[PDB]
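Trainee: Data: input03.pdb, PDB, C-alpha atoms (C1' of nucleotides) and all ligand atoms.
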ATOM      1  CA  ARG A  92       0.000   0.000   0.000
ATOM      2  CA  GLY A  93       1.210   3.485   0.894
ATOM      3  CA  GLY A  94       1.594   6.532  -1.293
ATOM      4  CA  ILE A  95       3.099   6.908  -4.758
ATOM      5  CA  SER A  96       6.286   8.923  -5.234
ATOM      6  CA  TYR A  97       6.488  11.776  -7.728
ATOM      7  CA  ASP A  98       8.736   9.906 -10.155
ATOM      8  CA  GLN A  99       6.286   7.000 -10.159
ATOM      9  CA  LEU A 100       3.308   9.366 -10.373
ATOM     10  CA  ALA A 101       4.791  11.244 -13.341
ATOM     11  CA  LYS A 102       5.364   8.066 -15.344
ATOM     12  CA  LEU A 103       1.796   6.864 -14.758
ATOM     13  CA  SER A 104       0.554  10.284 -15.852
ATOM     14  CA  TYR A 105       2.799   9.981 -18.905
ATOM     15  CA  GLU A 106       1.575   6.434 -19.554
ATOM     16  CA  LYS A 107      -2.038   7.614 -19.304
ATOM     17  CA  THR A 108      -1.764  10.455 -21.826
ATOM     18  CA  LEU A 109      -0.055   8.078 -24.259
ATOM     19  CA  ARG A 110      -3.223   5.979 -24.183
ATOM     20  CA  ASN A 111      -5.302   9.112 -24.716
ATOM     21  CA  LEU A 112      -3.110   9.910 -27.726
ATOM     22  CA  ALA A 113      -3.369   6.303 -28.915
ATOM     23  CA  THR A 114      -7.173   6.248 -28.936
ATOM     24  CA  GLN A 115      -7.271   9.756 -30.427
ATOM     25  CA  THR A 116      -5.353   8.403 -33.417
ATOM     26  CA  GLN A 117      -7.545   5.285 -33.424
ATOM     27  CA  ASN A 118     -10.720   7.392 -33.373
ATOM     28  CA  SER A 119      -9.269   9.464 -36.213
ATOM     29  CA  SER A 120      -8.223   6.402 -38.241
ATOM     30  CA  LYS A 121     -11.686   4.897 -37.707
ATOM     31  CA  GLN A 122     -13.383   7.880 -39.374
ATOM     32  CA  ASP A 123     -11.223   7.652 -42.512
ATOM     33  CA  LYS A 142      11.270  19.981 -40.248
ATOM     34  CA  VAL A 143      14.166  21.910 -38.697
ATOM     35  CA  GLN A 144      15.371  25.229 -40.125
ATOM     36  CA  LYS A 145      18.246  26.934 -38.306
ATOM     37  CA  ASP A 146      18.760  30.572 -39.261
ATOM     38  CA  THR A 147      22.515  31.132 -39.121
ATOM     39  CA  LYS A 148      22.457  34.894 -38.498
ATOM     40  CA  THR A 149      19.963  34.939 -35.628
ATOM     41  CA  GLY A 150      20.852  31.486 -34.314
ATOM     42  CA  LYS A 151      17.160  30.692 -33.876
ATOM     43  CA  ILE A 152      15.727  27.281 -34.720
ATOM     44  CA  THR A 153      12.315  27.135 -36.389
ATOM     45  CA  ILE A 154      10.199  23.975 -36.439
ATOM     46  CA  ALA A 155       7.346  23.602 -38.930
ATOM     47  CA  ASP A 156       4.443  21.576 -37.551
ATOM     48  CA  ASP A 157       0.777  20.929 -38.272
ATOM     49  CA  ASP A 158      -1.631  23.522 -36.907
ATOM     50  CA  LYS A 159      -4.221  20.800 -36.281
ATOM     51  CA  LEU A 160      -1.987  18.869 -33.874
ATOM     52  CA  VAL A 161      -1.120  22.106 -32.073
ATOM     53  CA  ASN A 162      -4.839  22.907 -31.775
ATOM     54  CA  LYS A 163      -5.599  19.379 -30.551
ATOM     55  CA  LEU A 164      -2.834  19.834 -27.988
ATOM     56  CA  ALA A 165      -4.363  23.117 -26.823
ATOM     57  CA  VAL A 166      -7.891  21.675 -26.723
ATOM     58  CA  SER A 167      -7.003  18.524 -24.765
ATOM     59  CA  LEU A 168      -5.159  20.500 -22.085
ATOM     60  CA  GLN A 169      -8.227  22.711 -21.638
ATOM     61  CA  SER A 170     -10.487  19.647 -21.543
ATOM     62  CA  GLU A 171      -8.321  17.973 -18.902
ATOM     63  CA  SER A 172      -8.244  21.256 -16.980
ATOM     64  CA  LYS A 173     -12.044  21.520 -16.958
ATOM     65  CA  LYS A 174     -12.612  17.826 -16.222
ATOM     66  CA  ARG A 175     -10.432  17.949 -13.104
ATOM     67  CA  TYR A 176     -12.151  21.241 -12.282
ATOM     68  CA  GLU A 177     -15.554  19.562 -12.437
ATOM     69  CA  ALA A 178     -14.432  16.361 -10.698
ATOM     70  CA  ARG A 179     -13.249  18.530  -7.793
ATOM     71  CA  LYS A 180     -16.314  20.820  -7.773
ATOM     72  CA  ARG A 181     -18.622  17.844  -7.244
ATOM     73  CA  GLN A 182     -16.274  16.644  -4.502
ATOM     74  CA  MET A 183     -16.680  20.042  -2.831
ATOM     75  CA  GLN A 184     -20.472  19.834  -3.080
ATOM     76  CA  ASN A 185     -20.607  16.248  -1.809
ATOM     77  CA  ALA A 186     -18.192  16.567   1.137
ATOM     78  CA  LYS A 187     -20.006  19.655   2.431
ATOM     79  CA  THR A 188     -23.297  17.706   2.517
ATOM     80  CA  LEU A 189     -22.041  14.412   3.995
ATOM     81  CA  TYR A 190     -21.168  15.031   7.646
ATOM     82  CA  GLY A 191     -22.962  17.237  10.155
ATOM     83  CA  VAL A 192     -22.674  15.341  13.433
ATOM     84  CA  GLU A 193     -19.690  16.969  15.160
ATOM     85  CA  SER A 194     -20.065  20.643  16.047
ATOM     86  CA  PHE A 195     -18.679  23.204  13.599
ATOM     87  CA  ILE A 196     -18.892  26.967  13.102
ATOM     88  CA  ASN A 197     -17.929  27.606   9.474
ATOM     89  CA  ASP A 198     -16.638  25.643   6.494
ATOM     90  CA  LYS A 199     -12.975  26.024   7.489
ATOM     91  CA  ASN A 200     -13.830  24.411  10.830
ATOM     92  CA  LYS A 201     -15.570  21.520   9.061
ATOM     93  CA  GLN A 202     -12.623  20.956   6.721
ATOM     94  CA  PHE A 203     -10.282  20.993   9.720
ATOM     95  CA  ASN A 204     -12.346  18.632  11.874
ATOM     96  CA  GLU A 205     -12.633  16.300   8.894
ATOM     97  CA  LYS A 206      -8.845  16.560   8.506
ATOM     98  CA  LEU A 207      -8.502  15.336  12.097
ATOM     99  CA  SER A 208     -10.553  12.275  11.118
ATOM    100  CA  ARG A 209      -8.148  11.219   8.353
ATOM    101  CA  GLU A 210      -5.307  11.428  10.880
ATOM    102  CA  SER A 211      -7.011   8.697  12.912
TER
ATOM    103  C1'   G B   1      49.473 103.923 -17.030
ATOM    104  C1'   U B   2      54.583 103.060 -15.650
ATOM    105  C1'   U B   3      59.566 102.135 -17.265
ATOM    106  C1'   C B   4      63.669 101.453 -20.719
ATOM    107  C1'   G B   5      65.406 103.161 -25.449
ATOM    108  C1'   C B   6      65.012 106.029 -30.387
ATOM    109  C1'   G B   7      63.710 110.247 -33.505
ATOM    110  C1'   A B   8      61.808 115.296 -34.372
ATOM    111  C1'   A B   9      60.174 120.299 -32.720
ATOM    112  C1'   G B  10      60.709 124.360 -29.037
ATOM    113  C1'   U B  11      63.267 126.146 -24.711
ATOM    114  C1'   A B  12      68.072 124.943 -24.231
ATOM    115  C1'   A B  13      73.136 124.564 -24.632
ATOM    116  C1'   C B  14      72.995 117.812 -24.049
ATOM    117  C1'   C B  15      69.152 119.244 -19.189
ATOM    118  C1'   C B  16      63.291 120.049 -19.539
ATOM    119  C1'   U B  17      58.497 120.288 -22.398
ATOM    120  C1'   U B  18      55.804 118.242 -26.632
ATOM    121  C1'   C B  19      54.248 114.043 -29.975
ATOM    122  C1'   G B  20      56.093 110.324 -33.198
ATOM    123  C1'   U B  21      58.164 105.118 -32.624
ATOM    124  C1'   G B  22      60.368 100.104 -30.667
ATOM    125  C1'   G B  23      60.723  97.052 -26.217
ATOM    126  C1'   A B  24      59.393  95.481 -21.138
ATOM    127  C1'   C B  25      55.317  95.143 -17.194
ATOM    128  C1'   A B  26      50.108  93.087 -16.807
ATOM    129  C1'   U B  27      46.474  88.359 -20.197
ATOM    130  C1'   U B  28      40.567  85.233 -20.459
ATOM    131  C1'   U B  29      35.622  86.397 -14.662
ATOM    132  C1'   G B  30      30.870  83.892 -14.054
ATOM    133  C1'   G B  31      26.422  80.158 -14.320
ATOM    134  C1'   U B  32      24.354  72.527 -12.789
ATOM    135  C1'   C B  33      21.214  78.511 -10.829
ATOM    136  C1'   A B  34      16.635  84.080 -15.142
ATOM    137  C1'   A B  35      12.417  87.837 -11.627
ATOM    138  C1'   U B  36       4.803  86.075  -9.185
ATOM    139  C1'   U B  37       0.460  81.773 -11.861
ATOM    140  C1'   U B  38       2.060  76.249 -15.911
ATOM    141  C1'   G B  39       7.243  71.200 -13.212
ATOM    142  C1'   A B  40       5.212  70.438  -8.266
ATOM    143  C1'   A B  41       6.658  70.972   0.520
ATOM    144  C1'   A B  42       3.096  70.521   3.819
ATOM    145  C1'   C B  43      -0.779  71.516   7.691
ATOM    146  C1'   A B  44      -5.473  73.252   8.954
ATOM    147  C1'   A B  45     -10.738  73.210   8.138
ATOM    148  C1'   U B  46     -15.556  70.640   6.375
ATOM    149  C1'   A B  47     -18.032  65.887   5.829
ATOM    150  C1'   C B  48     -18.087  60.537   6.964
ATOM    151  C1'   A B  49     -15.952  56.608  10.243
ATOM    152  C1'   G B  50     -13.864  56.263  14.928
ATOM    153  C1'   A B  51      -8.163  52.375  18.726
ATOM    154  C1'   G B  52      -5.180  44.605  18.517
ATOM    155  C1'   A B  53      -5.455  40.072  20.926
ATOM    156  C1'   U B  54     -12.472  40.277  24.055
ATOM    157  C1'   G B  55     -17.276  37.842  27.210
ATOM    158  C1'   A B  56     -15.820  42.682  29.101
ATOM    159  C1'   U B  57     -11.782  46.071  30.587
ATOM    160  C1'   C B  58      -6.332  46.963  30.506
ATOM    161  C1'   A B  59       0.184  46.487  29.336
ATOM    162  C1'   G B  60       2.926  45.714  25.594
ATOM    163  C1'   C B  61       7.185  43.420  22.321
ATOM    164  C1'   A B  62       8.289  41.823  17.562
ATOM    165  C1'   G B  63       7.970  40.241  12.504
ATOM    166  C1'   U B  64       6.638  40.809   6.689
ATOM    167  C1'   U B  65       6.180  45.482   3.334
ATOM    168  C1'   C B  66       8.504  48.361  -3.879
ATOM    169  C1'   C B  67       4.741  53.158   3.472
ATOM    170  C1'   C B  68       7.258  55.891   6.572
ATOM    171  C1'   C B  69       7.113  60.076  10.460
ATOM    172  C1'   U B  70       9.659  62.462  14.958
ATOM    173  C1'   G B  71      14.548  62.155  16.819
ATOM    174  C1'   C B  72      21.709  63.173  17.474
ATOM    175  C1'   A B  73      20.738  58.018  17.202
ATOM    176  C1'   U B  74      22.333  51.438  16.076
ATOM    177  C1'   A B  75      17.961  54.791  22.068
ATOM    178  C1'   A B  76      12.937  55.502  22.034
ATOM    179  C1'   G B  77       8.185  57.099  20.465
ATOM    180  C1'   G B  78       4.645  57.403  16.430
ATOM    181  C1'   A B  79      -2.912  53.449  18.172
ATOM    182  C1'   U B  80       1.332  47.393  20.278
ATOM    183  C1'   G B  81       3.059  53.782  14.250
ATOM    184  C1'   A B  82       0.384  52.172  10.049
ATOM    185  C1'   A B  83      -0.731  48.470   6.305
ATOM    186  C1'   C B  84      -1.511  42.511   7.789
ATOM    187  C1'   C B  85      -7.533  40.303   8.746
ATOM    188  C1'   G B  86      -9.005  39.071   1.895
ATOM    189  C1'   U B  87      -9.195  35.791  -2.539
ATOM    190  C1'   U B  88      -8.258  30.326  -2.440
ATOM    191  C1'   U B  89      -8.944  23.795  -7.790
ATOM    192  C1'   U B  90      -4.839  20.558 -12.098
ATOM    193  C1'   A B  91       3.099  17.390 -10.410
ATOM    194  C1'   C B  92      -2.843  13.901  -9.944
ATOM    195  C1'   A B  93      -2.938   8.398 -10.511
ATOM    196  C1'   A B  94      -4.616   3.263  -9.532
ATOM    197  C1'   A B  95      -8.727  -0.404  -9.100
ATOM    198  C1'   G B  96     -14.488  -1.743  -9.537
ATOM    199  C1'   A B  97     -20.030  -0.884 -11.977
ATOM    200  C1'   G B  98     -24.835   1.162 -15.273
ATOM    201  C1'   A B  99     -26.459   4.557 -19.678
ATOM    202  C1'   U B 100     -24.712   6.854 -24.603
ATOM    203  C1'   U B 101     -21.340   5.539 -29.171
ATOM    204  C1'   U B 102     -17.973   3.728 -32.862
ATOM    205  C1'   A B 103     -16.940   0.806 -37.015
TER
HETATM  206 MG    MG C   1      -3.117  50.472  23.229
HETATM  207 MG    MG C   2       1.599  54.296  23.530
HETATM  208 MG    MG C   3       4.558  47.749  14.521
HETATM  209 MG    MG C   4       7.647  50.762  18.035
END
Any chance you could put this one into structure tokens?
Ligand SMILES: [Mg+2]
Ligand SMILES: [Mg+2]
Ligand SMILES: [Mg+2]
Ligand SMILES: [Mg+2]
Mentor:
Amino acid sequence: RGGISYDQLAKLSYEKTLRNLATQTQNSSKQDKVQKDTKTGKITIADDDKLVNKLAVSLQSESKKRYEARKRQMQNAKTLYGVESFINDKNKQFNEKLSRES
RNA sequence: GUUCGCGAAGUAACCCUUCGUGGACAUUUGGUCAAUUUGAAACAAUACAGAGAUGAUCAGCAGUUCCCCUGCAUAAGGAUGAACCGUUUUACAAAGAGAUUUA
């Protein structure tokens, strides 16, 4: 049991997004360079604007999905426990935090 | 202007006066700045509030700050000098079920 370290958590997050990129290519397949300017020193990479848009969309979708999966957790945990005496929400979140200690 | 020469005129008798002409002496101040409104002090007054830890009443001492003010100050005081008192979501996974799809 126990917790998962950050180097093991990062690999599992990297393994998970590779399966999201695998099925994204499978759902697409189901439906149907390097230039180095010598004067400036800058390196320009030419890439597809669709794959850059799909990168920007999927990060926003994962940002909203974790935002909504946490918002429902806020609305559920506020309306679970009311037995022990509280005063405000920061007291409830602290007295619940004492319960996970024991 | 002074002084050292030189030349001419007059008085002289080689000295004085006069005006011509070479030298020498002395040689570069001040402003970062213009004299009332438009290149910048600040108080006071009026209005509106009105002193931290509190259940009430009383001492304070710090800290953080791209706020300082008094003071000789590395002392101390400025309400414990003031401001602080809010807003708060992703380093995120692993297991186990029902609806909607796909081709
Ligand atoms: Mg006091
Ligand atoms: Mg006092
Ligand atoms: Mg203080
Ligand atoms: Mg003080």
Trainee: Produce as a count of residues only the set of residues near ligand MG 1 (chain C), where near means within 9 Å with only C-alpha atoms (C1' of nucleotides) and all ligand atoms considered.
Mentor: 7
Trainee: Throw together the list of residues within 8 Å of ligand MG 3 (chain C), counting all atoms listed in the file, and drop it here as a VMD selection string.
Mentor: chain B and resid 62 80 to 82
Trainee: B:31, B:78, B:66, B:25: which is nearest ligand MG 4 (chain C), counting all atoms listed in the file?
Mentor: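 Closest residue, counting all atoms listed in the file: B:78.
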Trainee: Give as a count of residues only the residues that the PyMOL selection byres (((chain B and resi 2-5) around 12) and not hetatm) matches when applied to the coordinates above.
Mentor: 9
Trainee: How would you write, as a ChimeraX atom specification, the residues chosen by the PyMOL selection byres (((chain A and resi 199-210) around 12) and not hetatm) on this structure?
Mentor: /A:183,186-198,211 /B:88
Trainee: Please determine the contact residues of chain A with respect to chain B at a cut-off of 12 Å, counting all atoms listed in the file, and supply them as a ChimeraX atom specification.
Mentor: /A:92-108,114,117-123,168-183,199
Trainee: Using all atoms listed in the file, find the one residue out of B:101, B:96, B:46, B:63 that sits nearest to ligand MG 4 (chain C).
Mentor: B:63
Trainee: When distances are computed from only C-alpha atoms (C1' of nucleotides) and all ligand atoms, which of B:95, B:69, B:76, B:53 shows the smallest separation from ligand MG 2 (chain C)?
Mentor: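 Result for the nearest residue to ligand MG 2 (chain C): B:76.
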Trainee: In Å, with one decimal, what is the gap from atom CA of residue A:161 to atom CA of residue A:112?
Mentor: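 Straight-line distance from atom CA of residue A:161 to atom CA of residue A:112 works out to 13.1 Å.
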Trainee: To one decimal place, how far is atom CA of residue A:143 from atom CA of residue A:157 in Å?
Mentor: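 Atom-to-atom, atom CA of residue A:143 and atom CA of residue A:157 are spaced 13.4 Å apart.
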Trainee: Could you check how far atom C1' of residue B:83 sits from atom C1' of residue B:67, in Å to one decimal?
Mentor: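 Separation between atom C1' of residue B:83 and atom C1' of residue B:67: 7.7 Å.
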Trainee: Need the axis-aligned box for stretch 7-11 of chain B with 6 Å each side, so what are the centre and edges in Å to one decimal, as lines of an AutoDock Vina configuration file?
Mentor:
center_x = 61.9
center_y = 118.2
center_z = -29.5
size_x = 15.5
size_y = 27.9
size_z = 21.7
Trainee: Just checking: using only C-alpha atoms (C1' of nucleotides) and all ligand atoms, which residue out of B:34, B:9, B:97, B:61 ends up closest to ligand MG 4 (chain C)?
Mentor: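 Nearest to ligand MG 4 (chain C): B:61.
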Trainee: Which residue gives the smallest distance to ligand MG 2 (chain C) among B:8, B:77, B:29, B:44, with all atoms listed in the file counted?
Mentor: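 Counting all atoms listed in the file, the residue closest to ligand MG 2 (chain C) is B:77.
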Trainee: Excluding same-chain residues fewer than 2 positions from residue A:153, what lies within 10 Å of it counting only C-alpha atoms (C1' of nucleotides), as a list in words?
Mentor: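 Contacts, with the query itself left out: residues 142, 143, 144, 145, 146, 150, 151, 155 and 156 of chain A.
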